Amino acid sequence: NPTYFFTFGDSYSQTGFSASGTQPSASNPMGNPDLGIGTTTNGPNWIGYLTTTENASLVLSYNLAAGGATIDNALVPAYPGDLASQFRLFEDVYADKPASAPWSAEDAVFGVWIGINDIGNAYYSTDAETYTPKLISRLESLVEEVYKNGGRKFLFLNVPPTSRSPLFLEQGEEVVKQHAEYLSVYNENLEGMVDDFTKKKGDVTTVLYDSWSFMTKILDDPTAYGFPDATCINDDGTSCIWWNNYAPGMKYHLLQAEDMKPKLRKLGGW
């Protein structure tokens, strides 16, 4: 009795899963590639950990996240594999509940972690109060596609403090500040949308995971989590918070997955 975990997002979530590669099964929950390959962490990322380490029951991972993704290239563009295109791949391959992935409302969880790149590309050129509602509205319309397919259990991660990634720190404290203020407005509107959606539908189970506060705790007191500082980069994924200048390593991702577990109990696989 598996949980079908369909995930959507950007480089913080990518694993290199192909819809034509080996598909998930009880013996191989990630499908492809091997657990620990294809990430920006030097090992498993939060999805790998949630599926194989923090799981309370069988979780099958269909990870449609793509590197550098924004929500919709008609708003803030970046790469072909925007969130809209990930939802289109879902519609093309999995939405009709094929025998390979015979999901139902009671056992499918749809996880979305998006916004890092929308904010990173638009924080200095747009007005957060009027522009982030347009991004959030497009996210909501994509979620509504999955709802119309019969999805009822949803996990949303808010945007973590990428303002404090080396990539932004090196741009100056006033740039960190401008980015952070924009991001805070985005995350507030994300919470408002998830709350409104949950109340309006009435038959969904939703989790909004506050990755921002969790990562911020670690950035504020890194040595309490086994990190020497909050700024170093190391591609071993464990010596520093940061695997490269913009994405955190596998140690961070495991700490986050462990923090997430209790909050995901209501979703069915944890």
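Residues carry their position along the shown sequence, with the first being 1.
With 225-233 and 203-211 compared on mean CA B-factor from the PDB entry, the stretch scoring higher is 225-233. Here 130-138 and 97-105 are compared by their mean Cα B-factor, and 97-105 comes out higher.
Between the residues 69, 30, 37, 56, it is 56 that shows the highest Cα B-factor in the PDB record. Each of 196, 91, 181, 82 has a CA temperature factor in the record; the biggest one is found at 196. Sorting the modelled residues of the chain by their CA temperature factor places residue 168 in the middle third. Among the modelled residues of its chain, residue 4 has a C-alpha B-factor that falls in the middle third according to the deposited record. Annotation for residue 239: CA B-factor lies in the highest third of the chain's modelled residues. In this PDB entry, residue 262 carries a Cα temperature factor that places it within the highest third of its chain's modelled residues. In the PDB entry, residue 175 places in the highest third of its chain by CA B-factor.
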